[PDB]
Amino acid sequence: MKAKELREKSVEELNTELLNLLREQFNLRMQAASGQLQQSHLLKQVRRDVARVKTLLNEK
Amino acid sequence: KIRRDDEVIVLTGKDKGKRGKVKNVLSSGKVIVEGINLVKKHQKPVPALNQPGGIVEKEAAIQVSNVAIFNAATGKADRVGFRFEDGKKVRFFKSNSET
Amino acid sequence: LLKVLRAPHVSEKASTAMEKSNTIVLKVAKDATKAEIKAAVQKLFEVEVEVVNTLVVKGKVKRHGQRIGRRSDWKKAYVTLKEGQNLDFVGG
RNA sequence: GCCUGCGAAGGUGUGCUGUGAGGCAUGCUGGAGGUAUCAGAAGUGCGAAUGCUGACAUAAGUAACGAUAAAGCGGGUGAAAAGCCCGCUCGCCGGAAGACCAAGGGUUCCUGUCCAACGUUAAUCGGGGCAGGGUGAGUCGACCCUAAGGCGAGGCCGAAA
RNA sequence: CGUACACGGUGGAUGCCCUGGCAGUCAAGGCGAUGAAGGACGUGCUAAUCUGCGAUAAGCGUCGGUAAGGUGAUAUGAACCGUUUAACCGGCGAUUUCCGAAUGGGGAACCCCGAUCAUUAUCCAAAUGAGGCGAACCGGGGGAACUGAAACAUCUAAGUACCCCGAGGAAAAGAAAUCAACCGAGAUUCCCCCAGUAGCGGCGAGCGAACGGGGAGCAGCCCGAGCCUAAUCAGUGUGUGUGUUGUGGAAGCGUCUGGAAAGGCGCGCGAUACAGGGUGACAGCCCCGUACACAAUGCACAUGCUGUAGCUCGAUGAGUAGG
């Protein structure tokens with residue numbers, strides 16, 4: 001997701017997104033579980049995404 | 001200067017004649033041209049030199065003194081590849097003297 | 001819900017448990033008090049937990065020579081469900 | 001104003017010259033620079049302070065290892081076993097080398113794999129080296145309180161910590 | 001077993017090199033209650049250190065620059081990012097945990113609040129100040145001794161060492177009830193000189209100016225009443241130059257030696273560009289770079305402008321002069 005996408009989203013859409021992403025990062029906690037399916041990319045992106053939406057939420 | 005985006009033409013080493021694109025430039029002054037490689041033990045097309053060894057520094061290690069990018073002069077070398085968005089660099093590139 | 005947890009558990013130790021005895025192992029965040037770990041569990045896991053216990057651990061320095069250790073491990077927490085079902089999969 | 005990888009400076013051995021300080025040549029090594037003249041610049045040329053620091057020889061392969069004085073005979077494993085393990089025999093300690101703890105120390109605990117270093121001999125042993133694993137209380141303790149006494153604030157004194 | 005040498009060793013000197021120091025010069029110069037400096041603990045797939053950040057954690061966003069590669073020092077393995085143009089280098093904004101001047105209270109970083117002093121005061125902390133830090137410079141106070149005098153009580157070292165309080169980027173002084181070669185000079189510091197002179201001193205040892213002159217730099221002005229107003233005050237617009245840093249880009253012959261020439265010899269060339277570095281050996285013409293020009297940042301001080309506003313009359317400051 002890019003800043004452009006978040007801005008277009010509605011106030012509610014940014015809330016459901018943050019909650020959904022928070023859901024992602026958590027299932028991503030499988031790192032400790034030593035899961036294979038895991039991938040460092042999205043793991044590091046989820047924290048940025050939830051951050052971006054959070055910052056734009058403030059911009060609003 | 002030399003850029004990894006420029007195609008080079010060897011002229012001295014045993015790889016004299018081979019054409020290829022640079023893969024990276026080191027602070028040491030050695031350049032690796034795409035195509036100039038060696039055959040490892042288990043037959044793996046990986047760039048390097050020649051002599052028995054263990055962990056090692058990749059790249060065939062080529063000297064800029066024996067390579068051939070653009071070089072206005074009576075030589076045997078021919079065409080070479082080269083940014084453009086600069087504009088001013090386009091004028092120099094257009095001049096048979098600068099680049 | 002989906003806010004605090006890490007690895008379900010490990011080999012023997014966190015295996016002898018959950019075998020048949022109603023108890024579950026799971027790595028929980030350090031900041032995680034008792035409010036959660038009885039929510040974010042019992043919520044996700046198809047069950048209801050009663051007693052809750054959050055442990056704390058950490059190794060230390062040394063182990064080598066003229067190097068540096070100074071660090072700190074991290075701590076999972078046991079949480080007994082209730083006479084029902086064990087998470088609905090992992091276990092016995 | 002000259003020399004040099006058709007090889008310098010330095011070093012080792014050797015030849016020659018000067019009363020000498022010193023200069024110079026040859027061979028080997030080395031393998032990069034090094035001089036002569038005149039005119040300067042100098043943190044400029046040493047055996048000789050129970051001198052300072054580091055290194056090293058002789059002394060010497062010489063002085064030293066003892067109340068919980070305990071090991072011995074078979075066997076197992078192993079390339080190797082006087083001190084790793086099994087059995088037997090024989091002993092030591094008893095307010096104690098027994099059991100539970102405070103302070104203090106702090107992973108040194110357990111398992112597996114090893115041993116170059118450590119264990120004043122050896123080690124297939126280890127509190128040694130490496131990699132993992134371990135310390136799950138409402139009623140135990142902390143947490144809470146106060147004693148001698150201390151501190152901060154107001155009051156009072158060139159000034160003030 | 002004595003000595004010299006040879007081969008090998010020990011050892012590390014020596015010779016050469018040096019990504020370090022030492023010294024000088026030019027430029028530039030403050031940081032913090034919108035809570036800093038420092039420290040602690042964290043943060044990278046693996047990371048123990050250092051560095052960078054800090055839980056949006058060796059990073060996120062915007063603009064500009066730059067450029068096709070890159071994922072800090074580490075040139076590992078895996079993997080990933082980049083042309084929806086990243087890496088990397090520069091302005092402004094957002095976020096900015098806890099302690100810390102912290103300031104509720106206690107406390108070896110952990111638990112609950114504008115603490116203390118003070119001003120204004122709608123006396124409600126309601127509106128504000130102080131309480132810390134910073135290499136050493138300037139100012140204001142307190143003030144030794146060893147030592148010299150070849151003893152020592154003046155003197156000397158000292159008004160130094162050390163103690164206290166406070167400012168700035170700079171401080172103190174200053175327009176003369178002065179000087180005193182005169183029908184003369186004429187605000188104050190500082191530099192040179194005058195002087196090692198005048199003067200002081202068991203006149204023993206030692207101590208020690210000033211006026212003036214030559215320079216640097218120059219500026220003079222404010223308190224009772226009358227009257228009236230272009231100094232001041234408030235606000236607006238808002239730079240030049242200069243200084244610092246960053247940025248744009250082509251080109252290599254012959255013979256000999258050599259593994260390779262940036263060698264020797266021969267020939268030729270550029271220069272508002274007779275710095276340096278790199279490149280298989282001493283390359284001004286092989287590459288960067290240097291003239292040149294551009295860009296960013298700081299400078300921002302100033303100037304211009306709006307509304308304010310002259311000038312006049314008298315006196316001139318006692319517990320002081322002085323004892």
# chains A, B, ... in the order shown; residues from 1 in each chain; ligands from 1
$ interface_residues --of "chain B" --to "chain E" --cutoff "10 Å" --atoms "only C-alpha atoms (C1' of nucleotides)" --output "compact mmCIF listing (two decimals) with C-alpha atoms, in the first residue's frame"
# COMPACT_ATOMS: atom_id res chain seq x y z
CA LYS B 1 34.44 8.10 -15.57
CA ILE B 2 33.46 4.44 -15.60
CA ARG B 3 29.91 3.31 -14.85
CA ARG B 4 28.50 -0.19 -14.34
CA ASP B 5 25.93 0.91 -16.91
CA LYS B 23 28.44 -5.79 -12.93
CA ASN B 24 29.92 -3.46 -10.30
CA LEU B 26 35.05 -1.52 -6.47
CA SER B 28 40.12 -0.81 -5.37
CA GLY B 29 39.76 0.09 -9.03
CA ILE B 55 36.79 -18.77 0.59
CA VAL B 56 37.39 -16.20 -2.13
CA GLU B 57 36.87 -12.79 -3.70
CA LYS B 58 34.58 -13.13 -6.71
CA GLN B 63 42.07 -3.21 -14.82
CA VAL B 64 40.67 0.03 -16.27
CA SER B 65 44.03 0.44 -18.03
CA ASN B 66 43.29 -2.46 -20.38
CA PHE B 70 34.58 5.17 -25.32
CA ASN B 71 38.10 6.12 -26.38
CA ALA B 72 38.40 8.71 -29.14
CA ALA B 73 41.55 7.61 -30.97
CA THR B 74 42.90 5.44 -33.78
CA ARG B 83 22.38 8.30 -18.77
CA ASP B 86 20.66 15.00 -17.78
CA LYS B 88 23.72 18.60 -20.84
CA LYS B 89 25.38 15.19 -20.96
CA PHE B 92 28.66 16.07 -24.80
CA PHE B 93 27.61 12.61 -25.97
CA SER B 95 30.11 15.70 -29.61
CA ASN B 96 32.67 13.36 -31.16
CA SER B 97 35.09 14.72 -28.55
CA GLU B 98 33.21 14.67 -25.24
CA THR B 99 30.80 12.21 -23.61
$ interface_residues --of "chain C" --to "chain D" --cutoff "8 Å" --atoms "only C-alpha atoms (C1' of nucleotides)" --output "PyMOL selection string"
chain C and resi 53+55+78
$ write_last_selection --atoms "C-alpha atoms" --output "mmCIF file, in the first residue's frame"
data_model
loop_
_atom_site.group_PDB
_atom_site.id
_atom_site.type_symbol
_atom_site.label_atom_id
_atom_site.label_comp_id
_atom_site.auth_asym_id
_atom_site.auth_seq_id
_atom_site.Cartn_x
_atom_site.Cartn_y
_atom_site.Cartn_z
ATOM 1 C CA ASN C 53 0.775 -17.364 34.996
ATOM 2 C CA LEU C 55 6.938 -15.969 33.718
ATOM 3 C CA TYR C 78 1.478 -20.751 30.948
#
$ interface_residues --of "chain C" --to "chain E" --cutoff "8 Å" --atoms "only C-alpha atoms (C1' of nucleotides)" --output "list in words"
residues 67, 68 and 69 of chain C
$ write_last_selection --atoms "N, CA and C atoms" --output "CSV table (one decimal), in the first residue's frame"
chain,number,residue,atom,x,y,z
C,67,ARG,N,35.2,-10.3,24.6
C,67,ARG,CA,34.1,-10.0,23.7
C,67,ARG,C,33.0,-9.2,24.5
C,68,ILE,N,31.8,-9.3,24.1
C,68,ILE,CA,30.7,-8.6,24.8
C,68,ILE,C,29.4,-9.4,24.8
C,69,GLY,N,28.8,-9.5,26.0
C,69,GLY,CA,27.6,-10.2,26.1
C,69,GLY,C,26.4,-9.3,26.5
$ residues_around --residues "range 37-48 of chain A" --least-positions-apart "6" --cutoff "8 Å" --atoms "only C-alpha atoms (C1' of nucleotides)" --output "list in words"
residues 21, 22, 24, 25, 28, 30 and 31 of chain A; 45, 56, 60 and 80 of chain E
$ residues_around --residues "range 8-20 of chain A" --least-positions-apart "5" --cutoff "10 Å" --atoms "only C-alpha atoms (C1' of nucleotides)" --output "MDAnalysis selection string"
(chainID A and resid 3 25:26 46 49:54 56:57 60) or (chainID C and resid 2)
$ atom_distance --atom1 "CA of residue 60 in chain C" --atom2 "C1' of residue 132 in chain D"
15.6 Å
$ atom_distance --atom1 "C1' of residue 141 in chain D" --atom2 "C1' of residue 112 in chain E"
25.2 Å
$ residues_around --residues "residue 59 in chain B" --least-positions-apart "4" --cutoff "10 Å" --atoms "only C-alpha atoms (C1' of nucleotides)" --output "tab-separated table (two decimals) with N, CA, C and O atoms, in the first residue's frame"
chain	number	residue	atom	x	y	z
B	23	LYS	N	29.32	-5.27	-13.98
B	23	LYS	CA	28.44	-5.79	-12.93
B	23	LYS	C	28.57	-5.01	-11.63
B	23	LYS	O	27.70	-5.07	-10.77
B	24	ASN	N	29.67	-4.27	-11.49
B	24	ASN	CA	29.92	-3.46	-10.30
B	24	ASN	C	31.34	-2.91	-10.27
B	24	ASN	O	32.26	-3.52	-10.82
B	30	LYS	N	39.00	-2.16	-9.48
B	30	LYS	CA	38.75	-3.33	-10.30
B	30	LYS	C	37.30	-3.36	-10.75
B	30	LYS	O	36.39	-3.05	-9.99
B	31	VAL	N	37.09	-3.74	-12.01
B	31	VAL	CA	35.75	-3.81	-12.57
B	31	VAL	C	35.43	-5.22	-13.07
B	31	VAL	O	36.31	-5.91	-13.59
B	32	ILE	N	34.18	-5.63	-12.90
B	32	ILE	CA	33.75	-6.96	-13.33
B	32	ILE	C	32.80	-6.81	-14.52
B	32	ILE	O	31.75	-6.18	-14.42
B	33	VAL	N	33.20	-7.38	-15.65
B	33	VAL	CA	32.38	-7.31	-16.86
B	33	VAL	C	31.54	-8.57	-17.03
B	33	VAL	O	32.04	-9.69	-16.94
B	34	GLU	N	30.24	-8.38	-17.27
B	34	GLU	CA	29.32	-9.49	-17.45
B	34	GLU	C	29.74	-10.32	-18.65
B	34	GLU	O	29.72	-9.85	-19.79
B	36	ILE	N	32.80	-12.20	-18.57
B	36	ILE	CA	34.15	-12.62	-18.21
B	36	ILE	C	34.08	-13.38	-16.89
B	36	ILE	O	34.07	-12.78	-15.82
B	37	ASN	N	34.04	-14.71	-16.98
B	37	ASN	CA	33.96	-15.54	-15.78
B	37	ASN	C	34.94	-16.71	-15.81
B	37	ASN	O	35.72	-16.86	-16.75
B	38	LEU	N	34.88	-17.53	-14.77
B	38	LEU	CA	35.73	-18.70	-14.65
B	38	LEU	C	34.88	-19.92	-14.33
B	38	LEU	O	33.72	-19.80	-13.95
B	46	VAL	N	31.02	-18.77	-12.38
B	46	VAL	CA	31.22	-17.69	-11.42
B	46	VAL	C	32.55	-16.99	-11.69
B	46	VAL	O	33.58	-17.63	-11.86
B	47	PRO	N	32.54	-15.64	-11.73
B	47	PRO	CA	33.73	-14.84	-11.98
B	47	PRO	C	34.80	-14.93	-10.88
B	47	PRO	O	34.49	-14.82	-9.70
B	48	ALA	N	36.04	-15.14	-11.30
B	48	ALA	CA	37.18	-15.25	-10.39
B	48	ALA	C	38.45	-15.47	-11.20
B	48	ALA	O	38.39	-15.57	-12.43
B	49	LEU	N	39.59	-15.53	-10.52
B	49	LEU	CA	40.86	-15.73	-11.21
B	49	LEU	C	41.25	-17.21	-11.27
B	49	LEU	O	40.39	-18.06	-11.49
$ atom_distance --atom1 "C1' of residue 182 in chain E" --atom2 "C1' of residue 211 in chain E"
13.7 Å
$ interface_residues --of "chain A" --to "chain C" --cutoff "6 Å" --atoms "only C-alpha atoms" --output "PyMOL selection string"
chain A and resi 23+26+29+32-33
$ write_last_selection --atoms "N, CA, C and O atoms" --output "tab-separated table (two decimals), in the first residue's frame"
chain	number	residue	atom	x	y	z
A	23	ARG	N	-3.78	-7.40	12.58
A	23	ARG	CA	-4.10	-8.82	12.53
A	23	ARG	C	-2.99	-9.56	11.80
A	23	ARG	O	-2.59	-10.65	12.20
A	26	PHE	N	0.41	-9.88	13.68
A	26	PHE	CA	0.27	-10.85	14.75
A	26	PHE	C	0.42	-12.29	14.26
A	26	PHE	O	1.10	-13.10	14.90
A	29	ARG	N	3.77	-13.16	13.86
A	29	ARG	CA	4.54	-13.46	15.06
A	29	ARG	C	5.02	-14.90	15.00
A	29	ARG	O	5.80	-15.34	15.85
A	32	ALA	N	8.72	-16.62	15.87
A	32	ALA	CA	9.19	-17.36	17.04
A	32	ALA	C	8.78	-18.82	16.90
A	32	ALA	O	9.48	-19.72	17.37
A	33	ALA	N	7.64	-19.05	16.26
A	33	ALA	CA	7.13	-20.40	16.05
A	33	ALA	C	8.02	-21.13	15.06
A	33	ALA	O	7.87	-22.33	14.84
$ decode --residues "range 20-80 of chain C" --atoms "C-alpha atoms" --output "CSV table (one decimal), in the first residue's frame"
chain,number,residue,atom,x,y,z
C,20,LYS,CA,-3.4,-34.7,28.1
C,21,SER,CA,-3.3,-32.3,31.1
C,22,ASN,CA,-5.4,-29.2,30.6
C,23,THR,CA,-2.6,-26.6,30.3
C,24,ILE,CA,-1.0,-24.6,27.4
C,25,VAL,CA,2.4,-23.0,26.7
C,26,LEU,CA,2.9,-19.9,24.6
C,27,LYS,CA,5.4,-17.1,24.4
C,28,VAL,CA,3.8,-13.8,25.4
C,29,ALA,CA,5.2,-10.2,25.3
C,30,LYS,CA,7.0,-8.9,28.4
C,31,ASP,CA,4.7,-5.8,28.6
C,32,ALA,CA,1.8,-8.2,28.5
C,33,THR,CA,0.3,-8.1,32.0
C,34,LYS,CA,-2.6,-10.3,33.1
C,35,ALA,CA,-5.3,-8.2,31.4
C,36,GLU,CA,-4.5,-9.9,28.1
C,37,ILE,CA,-3.2,-13.5,28.1
C,38,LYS,CA,-6.8,-14.2,29.1
C,39,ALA,CA,-8.0,-12.4,26.0
C,40,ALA,CA,-5.7,-12.7,22.8
C,41,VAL,CA,-6.0,-16.3,24.0
C,42,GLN,CA,-9.3,-17.8,25.2
C,43,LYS,CA,-10.4,-15.4,22.4
C,44,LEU,CA,-8.4,-16.8,19.5
C,45,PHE,CA,-8.1,-20.3,20.9
C,46,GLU,CA,-11.5,-22.0,20.9
C,47,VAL,CA,-11.6,-22.3,24.7
C,48,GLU,CA,-11.8,-20.5,28.0
C,49,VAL,CA,-8.9,-20.2,30.4
C,50,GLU,CA,-8.9,-20.0,34.2
C,51,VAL,CA,-5.6,-19.6,36.1
C,52,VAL,CA,-3.0,-17.5,34.5
C,53,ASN,CA,0.8,-17.4,35.0
C,54,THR,CA,3.3,-15.1,33.2
C,55,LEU,CA,6.9,-16.0,33.7
C,56,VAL,CA,10.1,-13.9,33.2
C,57,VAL,CA,13.6,-15.1,32.2
C,58,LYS,CA,17.0,-13.8,31.0
C,59,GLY,CA,20.5,-15.2,30.5
C,60,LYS,CA,23.6,-13.1,31.2
C,61,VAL,CA,27.1,-12.0,30.1
C,62,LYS,CA,30.4,-13.9,29.7
C,63,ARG,CA,30.4,-17.2,27.8
C,64,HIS,CA,33.5,-16.1,25.8
C,65,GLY,CA,36.6,-13.9,26.0
C,66,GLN,CA,37.4,-10.2,25.4
C,67,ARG,CA,34.1,-10.0,23.7
C,68,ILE,CA,30.7,-8.6,24.8
C,69,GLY,CA,27.6,-10.2,26.1
C,70,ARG,CA,25.4,-7.8,28.1
C,71,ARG,CA,21.9,-8.8,26.8
C,72,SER,CA,18.6,-10.2,28.0
C,73,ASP,CA,16.4,-13.1,26.9
C,74,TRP,CA,12.6,-13.1,26.8
C,75,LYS,CA,9.0,-14.5,28.6
C,76,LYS,CA,6.4,-17.1,27.6
C,77,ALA,CA,3.5,-17.7,29.9
C,78,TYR,CA,1.5,-20.8,30.9
C,79,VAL,CA,-2.3,-20.5,30.9
C,80,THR,CA,-4.6,-23.3,32.0
